[PDB]
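A structural walkthrough
If you want the building blocks of each chain, they are given just below.
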Amino acid sequence: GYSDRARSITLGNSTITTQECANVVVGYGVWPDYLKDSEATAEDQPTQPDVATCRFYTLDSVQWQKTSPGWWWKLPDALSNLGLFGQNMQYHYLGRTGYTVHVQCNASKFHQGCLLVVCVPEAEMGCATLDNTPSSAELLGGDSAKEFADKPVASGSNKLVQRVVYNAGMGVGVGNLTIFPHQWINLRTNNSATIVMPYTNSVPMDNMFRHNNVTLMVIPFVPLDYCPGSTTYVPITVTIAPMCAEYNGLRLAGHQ
Amino acid sequence: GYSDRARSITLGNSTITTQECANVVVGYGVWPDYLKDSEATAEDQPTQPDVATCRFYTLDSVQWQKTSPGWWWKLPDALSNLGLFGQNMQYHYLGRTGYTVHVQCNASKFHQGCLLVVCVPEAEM
Amino acid sequence: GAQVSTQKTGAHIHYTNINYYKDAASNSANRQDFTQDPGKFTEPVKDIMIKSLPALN
Amino acid sequence: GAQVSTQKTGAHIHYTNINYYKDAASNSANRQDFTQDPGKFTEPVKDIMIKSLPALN
Amino acid sequence: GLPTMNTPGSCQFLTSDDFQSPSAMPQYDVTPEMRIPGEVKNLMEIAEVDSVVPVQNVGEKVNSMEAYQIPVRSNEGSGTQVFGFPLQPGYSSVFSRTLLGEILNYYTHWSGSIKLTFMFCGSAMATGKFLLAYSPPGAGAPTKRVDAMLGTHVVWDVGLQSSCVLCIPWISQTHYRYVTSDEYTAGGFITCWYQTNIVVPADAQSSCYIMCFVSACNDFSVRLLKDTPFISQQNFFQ
Amino acid sequence: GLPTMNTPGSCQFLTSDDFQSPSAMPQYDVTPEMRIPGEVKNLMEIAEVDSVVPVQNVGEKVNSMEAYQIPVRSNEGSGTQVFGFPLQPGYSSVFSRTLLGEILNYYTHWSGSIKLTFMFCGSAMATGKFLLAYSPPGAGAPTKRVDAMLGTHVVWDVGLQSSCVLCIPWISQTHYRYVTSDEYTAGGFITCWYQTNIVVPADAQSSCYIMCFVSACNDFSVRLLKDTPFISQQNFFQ
Amino acid sequence: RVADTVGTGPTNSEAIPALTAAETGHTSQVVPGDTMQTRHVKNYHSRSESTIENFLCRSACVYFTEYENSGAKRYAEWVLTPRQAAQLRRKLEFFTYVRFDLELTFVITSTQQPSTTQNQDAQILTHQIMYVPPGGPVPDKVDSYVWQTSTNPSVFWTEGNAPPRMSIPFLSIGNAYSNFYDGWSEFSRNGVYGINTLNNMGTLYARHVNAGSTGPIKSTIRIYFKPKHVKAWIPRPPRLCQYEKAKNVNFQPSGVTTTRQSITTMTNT
Amino acid sequence: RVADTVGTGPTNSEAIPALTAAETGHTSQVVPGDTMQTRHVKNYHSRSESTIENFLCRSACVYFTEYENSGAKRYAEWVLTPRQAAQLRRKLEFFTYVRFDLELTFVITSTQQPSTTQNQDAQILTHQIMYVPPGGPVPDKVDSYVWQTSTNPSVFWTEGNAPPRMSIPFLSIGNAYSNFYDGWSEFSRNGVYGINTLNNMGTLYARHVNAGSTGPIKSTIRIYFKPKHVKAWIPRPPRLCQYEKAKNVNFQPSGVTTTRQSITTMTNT
Amino acid sequence: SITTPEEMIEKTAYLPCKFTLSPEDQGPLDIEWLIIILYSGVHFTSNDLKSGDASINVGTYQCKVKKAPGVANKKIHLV
């Protein structure tokens with residue numbers, strides 16, 4: 001006799017326990033694995049760090065306010081400077097991995113609000129200036145979350161990003177982002193959200209510095225609301241574990 | 001039909017070939033291996049980089065002169081800043097490894113001289 | 001080497017086909033593939049959910 | 001007198017052919033001959049050379 | 001020469017013909033297939049997935065996330081209306097841009113049942129009961145809860161399970177209905193009413209929101225593929 | 001007359017069609033076949049043969065046999081560079097005119113491993129050790145021997161056997177790479193360094209040369225036959 | 001065959017099919033007979049026209065361009081791509097990765113241009129269409145030697161005949177084509193974003209083989225793509241906004257949907 | 001099918017696959033797993049497009065020439081040869097001896113020429129193409145009796161139809177054709193060098209059968225060769241230099257290859 | 001493709017015109033600036049301009065980069 005609300009996930013030297021979880025969403029029904037002999041093209045022997053690379057990394061926390069539009073993180077960029085995962089992508093030319101993404105936000109019963117947590121493949125975004133393309137600094141934040149805007153961005157010969165929330169930066173309806181693997185953090189029912197993503201690409205491996213295979217978006221569809229005397233500072237924390245990570249093409253460290 | 005003078009050693013993505021080698025000296029008759037379950041004390045699961053860490057690293061060259069006394073290198077220190085071997089010893093508290101050391105010096109027939117190459121355990125000075 | 005298949009017909013007949021070229025990129029479109037599997041995009045949860053049972057207990 | 005052969009297809013089907021003329025110089029090109037023998041131009045030595053053995057001893 | 005006779009239709013280009021043509025690259029070897037997740041074989045596997053409905057699409061709400069929020073509060077009464085829209089899956093601006101509606105706007109006809117899922121997003125303390133109703137056509141839309149009570153309805157009680165599903169069945173004289181506006185193939189009306197008032201304690205917010213998702217049942221299908229009235233063009237994109 | 005319908009493409013000349021046509025000399029008896037040595041059935045039997053690489057293709061060296069010579073000498077140091085060029089088999093001017101490169105310039109794509117053979121041509125007394133290195137793309141080219149030591153390398157010791165082979169394996173994200181210049185399908189860098197200095201006795205030349213040969217491995221293949229950018233014409237040759 | 005309705009009667013139990021948790025990420029699989037009484041209705045409907053093949057396998061104009069038999073523009077060129085038009089682009093971008101053969105059709109037409117030239121009698125016009133794969137030499141003029149088409153595929157066509165048509169296989173170096181690419185071709189991350197070499201299909205050239213007449217004529221070629229033998233992966237939300245460029249996904253912010261008068265209005269305002 | 005990579009581990013032995021002698025004239029047959037650690041990679045690649053047939057079996061323009069319905073040039077003539085063009089010549093000369101059937105295609109076009117003639121209405125034009133084998137009578141005029149084609153092959157063709165096409169077998173008196181001939185046709189060794197009678201294939205003549213109109217018209221014929229059923233022997237180094245003549249191998253000395261800035265430069269200068 | 005084909009340089013003024021060549025591009029390379037300087041087979045800052053730097057050192061200045069079949073342009077407002 002147990003409760004389906006309580007779940008524990010153990011990876012490497014890390015373990016996460018949640019007493020209020022909806023369940024786990026599994027990619028497209030596909031658990032991550034290693035590349036097989038009949039699907040490979042590169043011929044050198046791969047390296048598999050395992051426990052050293054496959055483990056939970058916890059990022060900075062963001063504050064959910066009553067007027068927050070939302071945040072986004074490129075998965076490969078998010079962990080590019082973190083531990084041996086970062087070192088291994090620094091010294092190698094090709095990498096391959098899946099993910100376990102855990103989002104955390106607790107609050108009391110009085111606190112209300114709902115967040116969509118979605119893992120979007122190839123989240124290619126658009127620049128405010130139509131002729132130009134969005135700058136790398138604007139598109140990527142390695143150790144910090146990237147924020148959406150509520151108002152439209154002004155286009156004046158710049159390399160900014162159209163970070164409109166109701167267009168999800170990709171010029172599409174935000175309510176239709178449900179085709180992609182996703183879960184909802186509803187403060188009255190939920191506490192955390194978990195998605196297990198497999199490796200998704202048109203090639204068997206890829207360079208991990210010039211391509212971001214997946215992007216994590218957290219978007220509040222219902223705003224945060226509390227009566228006076230309740231806690232006013234509510235953070236959101238993101239924890240990510242690489243899975244079945246392998247690397248090929250060893251050479252001098254650096255990206256150029 | 002071959003010559004015992006010619007030998008090739010392949011490790012990871014590296015390979016060394018010598019056309020004039022005496023042979024290979026093997027430690028104390030013991031080939032390196034991994035730590036076994038009945039000899040361990042630390043309980044977490046180890047990491048084994050393999051091809052990424054086990055591979056040849058080439059250091060700086062020294063000049064043999066007519067009056068040179070000799071040179072020494074601490075093996076762990078020598079590779080402490082080199083590649084993923086260095087990174088893995090930087091992020092970890094315990095490590096364990098053996099070595100293959102290859103020394104190289106060529107010269108013509110007229111050139112004469114003899115060097116001792118020795119691996120000394122606990123060379124406390 | 002003729003292939004006899006069934007035509008699209010209403011509810012409530014065959015046709016014949018021969019390939020002429022050698023590349024198989026020259027063939028006609030495959031219009032009769034009626035295979036479905038919506039359980040990837042829909043219901044993609046680790047633990048199975050029975051309809052009559054409460055989603056969370 | 002029809003000939004059924006296999007078409008070029010990807011990894012990981014047949015076609016039919018009939019000859020109409022009498023000369024055989026009128027036929028189509030032979031595009032499926034995948035025979036190879038590089039050992040004439042390459043490795044053309046009188047004594048065989050093993051890979052692991054020294055070329056000269 | 002074998003004697004032949006050419007029939008009408010010879011040497012015409014019909015953009016939906018199915019013929020064999022000569023390959024311009026003979027004997028080209030293609031790249032082998034790898035296994036990719038999430039393979040699609042029918043557009044009805046996409047239609048059967050939920051997506052959030054913009055019910056509050058009034059004025060400037062469309063340029064915000066407020067179009068998706070359905071406001072509810074605590075009233076000094078009972079039986080007042082929450083929302084209403086018609087059963088027009090591809091024509092109504094409430095549905096026409098949802099994943100189902102986008103797919104429908106490529107086809108002239110549609111058939112099958114629909115699933116509307118409603119999720120409460122207030123405080124855990126907040127309690128409420130709601131009547132979700134469907135009326136087939138022939139009379140007008142209901143203007144009172146008692147009139148709506150006479151059709152196909154569900155009484156939704158809010159509690160531990162925060163989501164309730166209202167199935168709209170296929171109740172039609174024809175087998176198919178036009179996706180475009182049409183009074184012959186009318187669909188009906190979908191409404192919501194307050195069965196009981198929203199009740200909260202002190203220090204909880206008495207104003208809440210509800211969310212709606214629309215998905216297709218396993219008897220749904222479409223017909224007559226056509227062009228969409230959603231994308232347009234004046235010059236070649238560069 | 002059997003009733004027929006003519007489809008699009010009738011009466012067109014596609015220069016890569018494969019049809020049967022009437023012979024203008026009926027019943028002509030051809031000359032029988034004799035057995036000739038050196039018969040070819042695949043252009044990849046020619047690509048798999050070595051040919052000398054012009055590495056020193058600088059200035060007026062191309063109009064001489066000096067383009068094929070790689071100079072080495074005795075240094076007051078160690079670790080300096082001997083040469084470097086990129087892994088561009090059909091685009092780099094180091095490879096584009098070799099037997100492999102000429103064959104590659106008829107095809108859009110290429111795949112497989114490559115063999116670079118280096119032969120010493122100094123005095124028998126001359127002794128040396130060399131590091132031959134390949135770096136896959138993602139960083140720059142190595143500027144020091146220690147940076148090159150971190151990639152795929154061979155340490156070549158000169159002795160009785162005068163030839164050493166450096167195999168460049170297929171380490172790519174795609175199955176195929178463009179023969180034309182392209183930063184997406186980058187190949188990497190190939191470099192050489194002095195592991196130990198060249199050492200000679202008195203009355204032997206301290207300056208030597210090295211030669212390079214490029215051949216394809218047994219996993220090599222090409223695709224998409226196209227015209228060469230090497231031969232041209234302004235008027236009919238007479 | 002689509003599913004058939006099952007007949008049900010009245011219920012009173014602890015079974016609760018209408019109550020669930022949408023936070024799980026799971027679409028409820030409730031039938032109508034879970035919340036009402038239903039009769040038995042055998043369903044003969046079929047989802048045959050909703051297959052990815054039928055949905056994508058129709059010819060579509062993707063580009064058209066002109067050239068003349070005299071004057072500066074004697075020949076036309078175009079880099080093959082389906083992103084120039086709106087309709088096929090929007091259908092294809094329902095997915096992230098596609099894999100298909102192509103059927104290619106051409107519609108070439110000619111029109112007499114105004115001039116003062118007299119006694120103009122025109123002979124029949126033949127056109128040459130030449131495909132150059134990426135990397136090969138390209139024609140600097142109408143009489144350029146590259147029109148020899150020794151290896152490059154060519155199609156000659158005379159006015160008044162059927163349209164020319166040819167089949168092209170899957171030519172990608174990668175396993176699958178890409179509709180979207182979140183990255184750069186430079187490891188430094190500098191340079192153009194969303195651009196890669198996976199879907200490069202070469203250039204098309206078109207010319208008159210003869211001039212035909214002593215007066216001016218202008219031809220137009222229209223190109224038609226038909227995808228065959230299709231495979232697709234990862235469904236994506238449809239394009240809400242109006243395309244602006246061919247090379248990127250840039251757009252102008254637009255309302256989630258149309259606006260009505262109130263939340264109870266049954267009409268569109 | 002192309003070969004598949006074999007997986008290997010670490011080694012320490014007297015086996016030396018990386019060391020050899022290139023003086024033997026032998027190409028080393030080393031796999032990557034002889035000098036590094038490799039995984040097992042099944043390879044599904046095929047060398048189908050590299051066969052001599054596919055490499056040579058495409059139509060190629062080898063010659064084109066004009067004639068008029070009035071005036072001095074009423075008919076055209078051409079000695080059949082593939083050495084007039086650059087592209088097919090360079091592909092064929094990868095080998096010393098070849099043996100193939102030929103597929104022959106023609107593209108004939110007509111253009112109205114400027115004149116002051118008025119009331120010009122033109123009838124349809126029919127063309128005659130006649131092949132004369134080496135030794136037979138040749139036409140001195142458009143109306144010459146030799147156009148009777150009692151034995152010589154002829155092809156009549158009317159403007160607006162498909163191009164004419166015919167198959168020609170291997171006609172050499174010798175067992176195989178010759179791309180290169182180191183010698184003379186005279187035993188004395190005097191006379192022209194590199195010239196022999198092994199690859200003589202006769203002459204082609206072309207004319208208008210009717211004049212069609214009262215105004216001037218000029219036709220052009222383009223000839224296309226397609227080798228079929230190919231056999232080839234003795235591979236040869238590709239032509240580094242620009243062809244100068246059709247009859248011989250004469251050339252202008254050219255650099256072995258292009259020049260860069262230094263021996264360590266990774267770019268092309 | 002030129003990087004950032006629309007920008008305003010407010011200030012020696014360095015006008016960037018870094019470009020990329022598609023595998024399809026194979027025609028002769030021609031570079032032109034407008035308001036001034038032309039490159040065919042104000043002063044350009046890069047000796048190896050062919051590699052991909054058409055930048056120059058000094059209204060609206062337009063950089064035109066043409067390699068058949070590709071054609072690209074970049075407009076810069078110098079204040």
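Residues numbered from 1 in each chain as written, not as in the entry; some residues may be left out. Chains lettered and ligands numbered in written order. Part of a larger assembly, values for the part shown. Heavy atoms only, no water. Residues with missing side-chain atoms left out of burial classes, pairs and counts.

All right, on to the overall build of chain C then. A count of helical and extended segments in chain C gives zero helices and two strands. Radius of gyration (C-alpha) of chain C: 21 Å, far over the 10 Å computed for a compact globule of 57 residues. Across its three principal directions, the C-alpha atoms of chain C cover 60 × 35 × 15 Å. A gap of 6 Å separates the mean positions of the 6 positive and 5 negative side-chain charges of chain C. (Helix = DSSP H or I, 4+ residues; strand = E, 2+ residues; numbered from the N terminus. Rg over C-alpha atoms; globule rule 2.2 N^0.38 Å. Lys, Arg positive; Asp, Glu negative; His and termini not counted. Charge placed at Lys NZ, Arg CZ, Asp CG, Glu CD.)

A word on the environment of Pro38(D). Tracing the backbone shows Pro38(D) in the segment after β2 (14-17). Its relative accessible area of 23% is what places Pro38(D) among the partly exposed residues. Not counting residues up to four positions away in its chain, the partners in contact with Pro38(D) are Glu45(F) and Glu48(F). (Buried < 20%, exposed > 50% of the residue type's maximum accessible area, 1.4 Å probe, protein only. Contact = heavy atoms within 4.5 Å.)

Let us now look at the interface of chain E and chain F. On the side of chain F, 14 residues touch chain E, which itself brings 23 residues to the contact. Approximately 1,600 Å² of surface area, both sides summed, lies buried where chain E meets chain F, with 61% of it carried by carbon and sulfur atoms. A per-residue breakdown of the area chain E buries against chain F is headed by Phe19(E), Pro22(E) and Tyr28(E), which together make up 25% of the total. Linking chain E with chain F are zero salt bridges. Scanning the region where chain E abuts chain F turns up nine residue pairs in polar contact. In terms of residue class, the side of chain E that touches chain F is made up of 13 nonpolar, eight polar and two charged. (Buried area = accessible area lost by both parts, 1.4 Å probe. Salt bridge = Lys/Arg side-chain N within 4 Å of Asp/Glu carboxyl O. Polar contact = N/O pair within 3.5 Å; in protein donor to acceptor, adjacent residues only side chain to side chain. Nonpolar A, V, L, I, M, F, W, Y, C, P; charged D, E, K, R; others polar.)

Moving on to the relation of the copies chain E and chain F. Superposition of chain E onto chain F requires a rotation of 72 degrees combined with a translation of 0.0 Å along the rotation axis, giving an RMSD of 0.0 Å. As the rotation angle and translation indicate, the two copies are arranged about a five-fold axis. Of every C-alpha in chain E, the one belonging to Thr4(E) sits nearest the axis of rotation, 5.5 Å from it. (Least-squares fit on C-alpha atoms.)

It is worth spelling out helix α2 (residues 83-91) of chain A at this point. A large share of α2(A) lies buried, amounting to seven of its nine residues. When we look at burial in α2(A), the residues that qualify are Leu84(A), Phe85(A), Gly86(A), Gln87(A), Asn88(A), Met89(A) and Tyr91(A).

This part is about the packing of aromatic side chains. Overall, the coordinates contain 56 aromatic pairs over all chains when judged by the stated rule. Feature note: the residues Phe83(E), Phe85(E), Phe95(E), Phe118(E), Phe130(E), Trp156(E) and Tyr194(E) constitute an aromatic cluster, connected by ring pairs. Its guanidinium or amino end placed over the ring of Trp170(F), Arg177(F) lies 4.7 Å from that ring's centre, counting from NZ or CZ. When the ring centre of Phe170(G) is taken as origin, the NZ or CZ atom of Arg99(G), which lies over that ring, is 4.6 Å away. (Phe/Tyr/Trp six-rings, centres within 6.5 Å; stacked < 30°, edge-to-face > 60°. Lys NZ or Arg CZ within 6 Å of the ring centre and 35° of its normal.)

A contiguous nonpolar surface patch, about 520 Å² in accessible area, is contributed by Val62(B), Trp64(B), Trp71(B), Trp73(B) and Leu115(B). In this fold, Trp71(B) is placed in the loop between β2 (14-18) and α1 (75-78). (Patch = residues over 30% accessible without salt bridge, like charges linked within 9 Å, V, L, I, M, F, W, Y side chains within 5 Å. Areas by Shrake-Rupley, 256 points an atom, 1.4 Å probe, with all protein chains shown as cover.)

Using the criterion set out here, one finds one disulfide over all chains in the structure. Across a sulfur-sulfur distance of 2.0 Å, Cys17(I) and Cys63(I) are joined as a disulfide pair. Given an S-S torsion of about -90 degrees, the disulfide between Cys17(I) and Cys63(I) has left-handed geometry. No disulfide involves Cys119(B); its nearest neighbouring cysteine sulfur is the one of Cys21(B), lying 16 Å away. (Disulfide = S-S within 2.5 Å.)

So, about the interface of chain E and chain G. When the parts of a complex come together, some accessible area is lost, and that lost area is often taken as the interface size. Contacts between the two partners involve 100 residues from chain E and, on the opposite side, 95 residues from chain G. Both sides together, the interface formed by chain E and chain G hides about 8,300 Å², and carbon and sulfur atoms give 58% of it. Between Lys231(G) and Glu33(E) there is a salt bridge, and its shortest N-O distance comes to 3.1 Å. Tallying contributions element by element places strand β4 (residues 81-86) of chain E first for the side of chain E that touches chain G, with six residues.

Okay, the sheet that holds strand β8 (residues 203-208) of chain G next. If you trace the five strands from one edge of the open sheet to the other, you get β2(F)-β6(G)-β5(G)-β8(G)-β3(G), paired in antiparallel fashion. With partners counted over all chains shown, the strands left at the sheet margins are β2 (13-14) of chain F together with β3 (75-79) of chain G, one partner each. Sheet topology places strand β5 (residues 126-132) of chain G next to strand β6 (residues 154-158) of chain G; five bridges connect them, and they run antiparallel. Looking across to β6(G), one finds that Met130(G) is bridged to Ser154(G). (Pairing = 2+ DSSP bridges.)

On to the environment of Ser70(G). Along the chain, the position of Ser70(G) falls in the loop between β2 (60-68) and β3. A polar contact is formed between the side chain of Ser70(G) and the side chain of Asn69(G), at a distance of 3.4 Å.

Okay, the arrangement of the chains next. Without any contact between them, chain C and chain H keep their closest C-alpha atoms 12 Å apart. Across all C-alpha pairs, the smallest distance from chain C to chain I is 24 Å, and the two are not in contact.

Once that is clear, we can look at the sheet that holds strand β2 (residues 14-15) of chain I. All names here are of chain I. With antiparallel pairing, the three strands of this open sheet are ordered in space as β2-β6-β5. Two strands close off the open sheet at either side, each with one partner strand: β2 and β5 (43-44). Relative to strand β6 (residues 56-57), β2 runs antiparallel, the two being bridged by two bridges. Paired with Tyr 14 across the bridge in β6 is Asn 57.

This part takes up the pattern of salt bridges. Within this structure, the stated rule accounts for 42 salt bridges over all chains. The salt bridge involving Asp225(A) is made with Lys66(A); its shortest N-O contact spans 2.9 Å. Here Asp225(A), found in strand β12 (residues 214-225), pairs with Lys66(A), found in the loop between β5 (62-64) and β6 (71-74); they are 159 residues apart in sequence, far enough to count as distant. Here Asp225(A) falls in the partly exposed class, since its relative accessible area comes to 21%. By relative accessible area, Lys66(A) is classed as partly exposed at 38%. Bridged by salt links that share partners, the residues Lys22(C), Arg31(D) and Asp18(F) form one connected network.

Moving on: the side chain of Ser23(F). One can find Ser23(F) in the loop between β2 and β3 (39-40). According to the relative accessible area criterion, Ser23(F) is buried, its value standing at 14%. In this structure the side chain of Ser23(F) is engaged in a polar contact, spanning 3.4 Å, whose partner is the backbone oxygen of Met25(F). Setting aside residues no more than four positions away along its own chain, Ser23(F) makes contact with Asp23(D), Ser26(D), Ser167(H) and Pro169(H).

A few words now on the environment of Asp4(H). Residue and element names in this part refer to chain H. Assignment of secondary structure puts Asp 4 in the segment before β1 (11-13). Relative accessible area serves as the criterion here: at 41%, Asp 4 is assigned to the partly exposed category. Counting along the chain gives 36 residues from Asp 4 to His 40, while the straight-line C-alpha distance between them is 7.8 Å. Setting aside residues up to four positions removed in sequence, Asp 4 forms contacts with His 40, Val 41, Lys 42 and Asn 43. Among the polar contacts listed, one links the side chain of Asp 4 to the side chain of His 40, at a separation of 3.4 Å.

As a further point, take unusual backbone geometry. For the bond running from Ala68(I) to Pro69(I), omega is 0 degrees, close enough to zero to count as cis. Among the secondary structure elements, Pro69(I) is positioned in the loop between β7 (60-67) and β8 (70-78). The phi dihedral of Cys11(E) falls on the positive side, at around 70 degrees, and the residue is not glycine. With respect to the element layout, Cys11(E) can be found in the loop between β1 (4-6) and β2 (39-40). Backbone geometry places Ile234(G), a non-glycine residue, at a positive phi of 55 degrees. Mapped onto the secondary structure, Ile234(G) falls in strand β9 (residues 217-235).

To continue, consider the side chain of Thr10(B). With respect to the helices, strands and loops of the structure, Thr10(B) is situated in strand β1 (residues 7-11). For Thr10(B), a relative accessible area of 5% translates into the label buried. Sequence-distant contacts of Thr10(B), that is, excluding residues within four places in its chain, are made with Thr15(B), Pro10(H), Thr11(H), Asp34(H), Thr35(H) and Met36(H).

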